[PDB]
Structures are given as C-alpha cells and as structure tokens.
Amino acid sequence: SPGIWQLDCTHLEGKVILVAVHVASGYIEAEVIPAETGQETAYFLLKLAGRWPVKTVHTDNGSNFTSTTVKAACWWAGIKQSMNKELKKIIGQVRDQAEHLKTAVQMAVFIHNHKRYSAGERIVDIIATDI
C-alpha cells in the first residue's frame, strides 16, 4: 500500500538519526535529533504527514510509539499503526567530506533517493497513480 511508512532510529557518533522509509518505493527521509524521545518522534511524524499521505506507520521497536506525544501526533494526522544499512554505508562513504554528521546524512539521503527508476521517482509515481 502507498500509505505505509516505517520509522526507526539509528545511532552514529553518539547522535540519533531518525529514518523514515516509504515501504513501497524505498524513498527515505531522515533527520538528526539530539536524543531518542517521543517529542522528537511526534514532531517528525507531524512533518512527514504534512508532506505525504501517511496512513500507517511501522517500526522495528514498538516501544518507540508508546508516548503520549507520539499518540497525539498520530491522532491529529489520522495515522494508524537493509535500506537503513544501505544508508549507513552511504553516510560512511561521504562522512569525511562534511564537518557535521547531519550534513553527511542529508547527502546520503540525496544520493539514495536519486540513485538508479530512482526511489524519488517511484514514490511520486506511486502516490500520483493512487490519486
């Protein structure tokens, strides 16, 4: 289904990377956050839901979604309940080219979503067709 996303955090350099994957396309969005908290997860979900038609979200750590703040973001936005290793591979390849990890992360996201169709091309096609 085109509405399914998966969200997980990854750790690197003592920081936290929140990674969202559109399951049908492989498209990724990511953000570096200071620590794993429900508030950061909730805020990310609000941003994601404003950009794409997010219907359901999965995760590999179910406890990620237990906080009152996450539940409120899900409620308001109407959300119901590998590539990560690929992303860390790309991050590692570009890491020395940037001062800050967050820059390297966005470089890796850019590379992933435009590498070849591309993931960025597939998501827009999938969503447009579903409309």
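In this text, residue numbers run from 1 along the sequence as written.
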Absent coordinates between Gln81 and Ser82 - deposited residues affected, binned into four classes: 10 or more
Deposited residues omitted from coordinates between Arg116 and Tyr117, as a class: 4 to 9
Of 88 to 96 and 41 to 49, the one with larger mean CA B-factor: 88 to 96
Stretch with the greater mean C-alpha B-factor as recorded in the entry, comparing 106 to 114 against 119 to 127: 119 to 127
Selection from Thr56, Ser63, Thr59, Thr68 [criterion: highest C-alpha temperature factor in the record]: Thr68
B-factor third for the C-alpha atom of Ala77 within its chain: lowest
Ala24, C-alpha B-factor rank within chain (lowest, middle or highest third): highest
CA B-factor placement of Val32, once the chain's modelled residues are sorted into thirds: middle
